[PDB]
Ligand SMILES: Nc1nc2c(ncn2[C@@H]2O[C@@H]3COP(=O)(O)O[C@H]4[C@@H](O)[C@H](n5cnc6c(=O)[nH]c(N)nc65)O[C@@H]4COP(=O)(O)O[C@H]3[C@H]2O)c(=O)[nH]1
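First, one chain by itself in structure tokens, the form solved without this ligand.
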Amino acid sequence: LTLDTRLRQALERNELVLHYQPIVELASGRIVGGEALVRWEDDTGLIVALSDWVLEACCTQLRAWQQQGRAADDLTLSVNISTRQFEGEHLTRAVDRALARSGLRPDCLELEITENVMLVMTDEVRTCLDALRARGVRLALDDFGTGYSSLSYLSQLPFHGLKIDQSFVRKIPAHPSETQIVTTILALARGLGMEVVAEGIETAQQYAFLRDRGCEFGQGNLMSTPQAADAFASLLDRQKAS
């Protein structure tokens, strides 16, 4: 409760900032995405309020980079959405508000929803996901492999992408179990027309394993830790010049 207290005060006082972790096209090395991650610089209502802020902040940041000629047309940014945000009407409203104020092209925004959303899959959740899809926003399943999936729902739901959990990526290719989980996820995604981001790439062996198996995308401290907006935009600049 003391932790929620601190976050509330941080929100009230505007003491939060987004950092962004580059998401790279493994074959080219091109930064094509970035996961927005909340940092503090020193209750469902709190989740909702934080997400409203994150959504607007992230969409505004990308729109700003586009207008300054720093973000290429292929750059998208991703925001993490809690399963707890599907209660009521608020998520679709928050996304609509962020897009309206920023003027951002909706397919520039991607929402990362943890796998265990499938465990709370009600009619209201399915309807929310369809509503979000109808707006042109990209949807990804996050932490994939660590939660629970219905193979029927996975085959039906409008997710364009999956993110392989870091806990598996960090153990390949040495460990058979984690390695077969990763290669299975890649095969699933291929048949479902989903793109895959491998989260938590730490070593060059991991990068190379993943690339040589058609894993589209990667993110990890190997390439870049989460970066402040200005540091992230520097990477975009160097890439544009290259």
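Residue numbers here begin at 1 and follow the sequence given.
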- Task: Could you bin the unmodelled part of the deposited chain lying between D42 and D43 as none, 1 to 3, 4 to 9, or 10 or more?
- Result: 10 or more
- Per the entry, where is the mean C-alpha temperature factor higher: 22-30 or 184-192? 22-30
- As stated in the PDB record, which stretch has the larger average Cα B-factor, 1-9 or 232-240? 1-9
- Query: When the CA B-factors of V197, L210, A49, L55 are compared as recorded in the entry, which is the largest?
  - Reply: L210
- Task: Tell me which of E112, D96, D73, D143 tops the list for C-alpha B factor in the record.
- Result: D73
- Here the Cα B-factor of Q156, set against its chain, lands in the third termed lowest
- Task: Name the third of the chain's ranked CA B-factors that contains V79, choosing lowest, middle or highest.
- Result: lowest
- Message: Using only modelled residues of the chain, where does the Cα B factor of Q166 rank: lowest third, middle third or highest third?
- Response: middle
- Note on the structure: Of the three thirds of Cα B-factor ranks in this chain, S150 occupies the lowest
- Here the Cα B-factor of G136, set against its chain, lands in the third termed lowest
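Absent from the display: the form solved in complex with this ligand. The rest refers to it.
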- At the 4.5 Å heavy atom threshold, is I201 in contact with this ligand in the entry with it bound? yes
- Message: Please determine whether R190 contacts this ligand in the entry with it bound, using a 4.5 Å cut-off between heavy atoms.
- Response: no
- Should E35 be counted as a contact of this ligand in the entry with it bound, where contact means heavy atoms within 4.5 Å? yes
- Query: Does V54 reach this ligand in the entry with it bound if we count a contact as any heavy atom within 4.5 Å?
  - Reply: yes
- Of 89-97, 69-77, 141-149, 115-123, the segment with heavy atoms within 4.5 Å of this ligand in the entry with it bound is residues 141-149
- Can you name the residues of 150-177 that have a heavy atom within 4.5 Å of this ligand in the entry with it bound? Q166
